[PDB]
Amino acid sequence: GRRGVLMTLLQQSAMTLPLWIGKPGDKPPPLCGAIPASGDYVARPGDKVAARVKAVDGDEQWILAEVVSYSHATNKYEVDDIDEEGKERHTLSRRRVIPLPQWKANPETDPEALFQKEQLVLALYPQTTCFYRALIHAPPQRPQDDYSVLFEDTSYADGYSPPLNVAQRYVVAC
């Protein structure tokens, strides 16, 4: 069903994210883990993004999406929802598009390319294709590991979810 197709697609993308393998003297590039995009970077068609989209009824979400085009005439992207049920190709300003990392940072070689404990991030919430505010609880220790995060969640008395796992592909700066 659609649920399964979606979750499978998310796994595929998380798992296929290449590990950055430098040699002595190299630094992790832009979009390796937590290293931000260069100033005035523009994502390429096919690249995955978090995209701030307003529904017809006004609800704003950061959704998982893919760049379709960028117009230098208007400085706007087109992006497509990675969910087939999202039938609208969205036009967005650069401020509504955050490139996802193109490399996984290896905690054993480039730990400065990971988010620090208690950093505020946007992270994809389990069983969804959307990003929400969270604090880093634990970084990955090994290249296969997920982040552990605490989502802001007003259904808890302290305002945070328990530790939930999110892959490096799906954690970006807030």
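Residue numbers here begin at 1 and follow the sequence given.
J.: Counting only other entries where the flanking residues are modelled, do a third or more lack residue 58?
T.: Residue status for residue 58: gap in at least one third of the other entries.
J.: 54 to 62 versus 115 to 123: which one carries the higher mean Cα B factor per the record?
T.: Mean C-alpha B-factor is greater for 54 to 62.
J.: Would you tell me which stretch averages the higher CA B-factor in the PDB entry, 103 to 111 or 140 to 148?
T.: Mean B over CA atoms: larger for 140 to 148.
J.: Which third, lowest, middle or highest, does the CA B-factor of residue 166 fall in along this chain?
T.: Within its chain, residue 166 is a lowest-third residue by C-alpha B-factor, going by the deposited values.
J.: Looking at the entry's B-factor column for C-alpha atoms only, identify whether residue 70 ranks in the lowest, middle or highest third of its chain.
T.: Tercile = middle for this residue's CA B-factor.
J.: Going by the CA temperature factor in the PDB record, which third of the chain does residue 37 belong to: lowest, middle or highest?
T.: For residue 37, the deposited C-alpha B-factor lands in the middle third.
J.: Against its chain's modelled residues, does residue 173's Cα B factor rank lowest, middle or highest third?
T.: Answer is middle: the recorded C-alpha B-factor places it there.
J.: For the chain shown, is the CA B-factor of residue 133 in the lowest, middle or highest third of its modelled residues?
T.: Its C-alpha B-factor, which the entry lists for residue 133, ranks in the lowest third among residues of this chain.
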